[PDB]
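Encoded as structure tokens, the following chain is the form deposited in one PDB entry, with no partner shown.
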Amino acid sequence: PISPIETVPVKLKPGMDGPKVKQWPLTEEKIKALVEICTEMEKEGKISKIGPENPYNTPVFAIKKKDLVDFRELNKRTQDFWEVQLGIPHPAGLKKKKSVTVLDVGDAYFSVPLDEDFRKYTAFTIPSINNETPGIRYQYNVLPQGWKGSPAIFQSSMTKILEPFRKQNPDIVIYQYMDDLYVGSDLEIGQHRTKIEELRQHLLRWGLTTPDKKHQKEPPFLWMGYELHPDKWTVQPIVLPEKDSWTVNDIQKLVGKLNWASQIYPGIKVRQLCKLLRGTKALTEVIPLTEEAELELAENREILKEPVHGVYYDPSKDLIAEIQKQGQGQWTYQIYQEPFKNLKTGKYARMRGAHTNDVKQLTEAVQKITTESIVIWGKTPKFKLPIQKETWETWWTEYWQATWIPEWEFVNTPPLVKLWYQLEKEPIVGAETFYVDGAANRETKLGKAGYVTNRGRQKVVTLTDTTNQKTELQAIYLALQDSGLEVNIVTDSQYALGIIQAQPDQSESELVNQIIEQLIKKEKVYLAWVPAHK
């Protein structure tokens, strides 16, 4: 059954012309079929025969669906539309319901009228056995299965059509995704069922047929990742294939499933599992699962045993966000309204990169979270952070970059994030003063790094295969090594200081880490910078 809705004007990309590809004559069986099938929709008005005044053609195929037109070219030539998927609603962003139902609005694609003008580009051909003279030609008069515009156009159509019902019944929740129609409400079944029918007949009044309550899917609803109930969502537990031999590609997919799991079941680990990848020569090469890997792979089966259940969003309450540090650059967080009744949860791993610190990092977490919150709940969480207000104050007021943390509150959940060290703001009286300097031949990679102090001390070192920076830093490393609890170190390096300012407590550079460790050791350090080469 067709429909009476204004068609959406559709045109081909700027200056291109309809598809022009050949038909792949088929078996006696693959042609007989498409002759029947097409005679069907033919009678239903969906497609109409065309003559020679249409120069286009798309490849028609015939696959026996057990237990098809190729528009690839056409699509390329068709204009672009807006967004056929802004973002998927996330479970934690939905509010509970009394009754729920999804209708398979299915083949409504073929109920929506395709722009008449455009129809001509949709021309396809049913070949001949012995390639007689003609072939049986057709074109579409309705949204085609597999065409670029189909979803988009169907999407809108559906929306206009649903605006009034939405109006009449403002306490009802209709959500359209693909060819489904999730509907929720707080009416008791009976009242619910009625409205559904109402609605149902309402669509049907436009040509869009729908399944009887008889053939209609029911809760739990499986929503990409979750098992949906009207009062609770659940983490459809996960399966890990126990097996004899492991191929690389396998481990990959394994660590894949696992990495997605860690968001819900923190504790999950794969550090010893990623190691099985080192050096892998072929995606199909089998690997000897190490004993440490055995102990990990199993400890994970235990974790993923216990399913996870959750709660939906209650507007009348506050959103609470709590964070924890699992290790260096690893943060876990969970969002809830009522303690232990989680709405959502997750974790972030931060590849150290150039030079960061925990506070800076903590800061990035908060930020990320804040953004996804806004997307889901339209508002942002109050935060419970493992950091002392004093610690934060000290750091932020003094960092060279603009930064901020929304209303938050300290939660004493060790291990707290703190500042491993702070450089003195001014020189230390009664402290050795090391004038450090380093230099290396860019070309030869040959260097010397050393120092001299106000207390007579000195040392220098020759470095083979070093560089334009390592030397400088090393200079300071030495200075730090041989100094004792209180030091004053003057250098001319910009790279050195600039960095140490940020008070990094983690770096990509192994060297840097050396210094950091050293710095943390000292009781009081003062670093000063003087122009070079004078």
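Each form is matched to the other, and the largest set of C-alpha atoms that superpose within 1.5 Å is called the rigid core. All residue numbers are counted from 1 along the displayed sequence.
There is another form of the same protein, the form deposited in another entry; it is not shown, and what comes next is about it.
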Worksheet item: Core fitted between this form and the one not shown: which of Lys418, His90, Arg77, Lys445 shows a C-alpha shift of 2 angstroms or more?
Response: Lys445
Worksheet item: Does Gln501 move its CA by 2 angstroms or more between this form and the one not shown when the core is aligned?
Response: no
Worksheet item: Rigid core fitted, is the C-alpha displacement of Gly378 between this form and the one not shown 2 Å or more?
Response: no
Practice prompt. Once the core is aligned, please say if the CA of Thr290 is shifted by at least 2 angstroms between this form and the one not shown.
Written response: yes
Discussion item. Closer or farther: the C-alpha atoms of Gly267 and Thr332 in the other form, versus the form shown, with a change of 3 angstroms or more?
Written reply: closer
Worksheet item: Closer or farther: the CA pair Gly267/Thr345 in the other form, versus this form, with a change of 3 Å or more?
Response: closer
